[PDB]
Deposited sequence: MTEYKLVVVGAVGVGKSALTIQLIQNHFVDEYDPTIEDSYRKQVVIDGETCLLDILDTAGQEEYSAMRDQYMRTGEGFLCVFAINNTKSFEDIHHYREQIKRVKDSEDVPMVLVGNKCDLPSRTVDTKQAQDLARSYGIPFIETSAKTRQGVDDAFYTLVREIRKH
């Protein structure tokens, strides 16, 4: 049973906390941060760090982030600004980790909303340039939630 430390980042209100709660507690409304899962037949223990949208620098927060082995970079598909911000988060992660090659997954959340401003192709394109997977999720319907986290674990294991 291997331990994985996963971190969820992204702009204010994209759904980081809703995704974590859906993964761990299996519900959505509009504490545990650990889950035992079985990925591809292997039992895995996941600890999740659910970060803040409003950045505030501290040496200690960077230390908590550095413990992360893989990162979900989340935007909301109805918030173009949060999509544009993904670059900020990706570069902050490479910087905390002092690595050019950190396991990451691009997550487009709130896909239950028919009114979106970021199209699937736009997001797939960005992920392609990063060399990382793109997964669409809805914390609301639970669509893609397991997939996003499991895919991140597979990404970590590509290292």
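Coordinate coverage of the deposited sequence is interrupted once, at 31 to 37, where no C-alpha atom was modelled.
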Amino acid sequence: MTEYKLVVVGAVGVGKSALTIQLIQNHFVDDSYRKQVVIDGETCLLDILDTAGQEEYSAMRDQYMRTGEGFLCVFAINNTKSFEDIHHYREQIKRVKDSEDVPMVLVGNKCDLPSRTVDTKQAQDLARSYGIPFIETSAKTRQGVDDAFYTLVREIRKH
From here on, numbers count along this sequence of modelled residues.
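Across the two stretches, 114 to 122 and 37 to 45, the PDB entry reports the greater mean Cα temperature factor for 114 to 122. If you average the C-alpha B-factors over 61 to 69 and over 97 to 105, the higher value belongs to 97 to 105. When the modelled residues of the chain are ordered by C-alpha B-factor, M1 sits in the highest third. Among all modelled residues in this chain, the alpha-carbon of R154 has a temperature factor (C-alpha) in the lowest third.
In this PDB entry, the Cα temperature factor of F134 sits in the bottom third of its chain's modelled residues, the lowest group. Among all modelled residues in its chain, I77 ranks in the middle third by Cα B-factor. Ranked against the other modelled residues of its chain, the C-alpha B-factor of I24 as given in the entry falls in the highest third.
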